[PDB]
């Protein structure tokens, strides 16, 4: 890897078929700047603060996405039609701040080694699902050309409850729940 004070990741584009699944992001020092909601065609920032002052124009990347739909078709053929190799994801659950009972916290679920970039991360408390408080970052890039996502979940520290982070992929024959509890 190249050593340096800072690293920009402008232009990071990614396209796949079938399904017309594409993505465009910008990173700085490995922290996602924003992505671009292709359907609404809007520059969706990661953090509010940033996209107030200076701005990014959604078309800059709605175009990249178009070039990558084209480039794909070229290589797909030029490589005798070589499909991608599914790799298995590695989950790592953990609290965002010092866990104290009955104090609003956040439960991060970091998933790594993804490819194809198509993942179904879902949270689960006490063997029954959860849907409230769950944010989820776009696919951030790796140096090895795979990806890592994170699924956040706010909660209240209880030793009664058991959290699992359910991860579903094609490179998995069946889902992978990484268990977590304040008990241990």
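Numbering follows the first chain given and starts at 1. What we label the rigid core is the largest C-alpha set whose atoms superpose within 1.5 Å from one form to the other.
Inset, instruction - Determine, for 114-122 and 153-161, which one has C-alphas that on average lie farther from this form in 5 other deposited structures of this protein; superpose on the rigid core first. - result: Checking 114-122 against 153-161 in 5 other deposited structures of this protein, I find the farther stretch is 153-161.
Legend entry - Residue range whose averaged C-alpha B-factor is higher in the record, 174-182 or 4-12: According to the PDB entry, the answer is 174-182.
Inset, instruction - Between 45-53 and 31-39, name whichever shows the higher mean Cα B factor according to the PDB entry. - result: Mean CA B-factor is higher for 45-53.
Legend entry - Top Cα B factor in the deposited entry, candidates 128, 26, 69, 148: When the deposited C-alpha B-factors of 128, 26, 69, 148 are compared, 128 is largest.
Legend entry - Top residue by Cα temperature factor, when 93, 75, 101, 84 are compared in the entry: Max CA B-factor in the entry, restricted to 93, 75, 101, 84: 84.
Legend entry - Third of the chain, ranked by Cα B-factor, where residue 142 sits: Residue 142: CA B-factor falls in the middle third of its chain.
Inset, instruction - Could you tell me which third, lowest, middle or highest, the C-alpha B-factor of residue 154 occupies within its chain? - result: Residue 154: CA B-factor falls in the middle third of its chain.
Inset, instruction - Rank-wise, by C-alpha B-factor, drop residue 116 into the lowest, middle or highest third of its chain. - result: It falls in the middle third of the chain.
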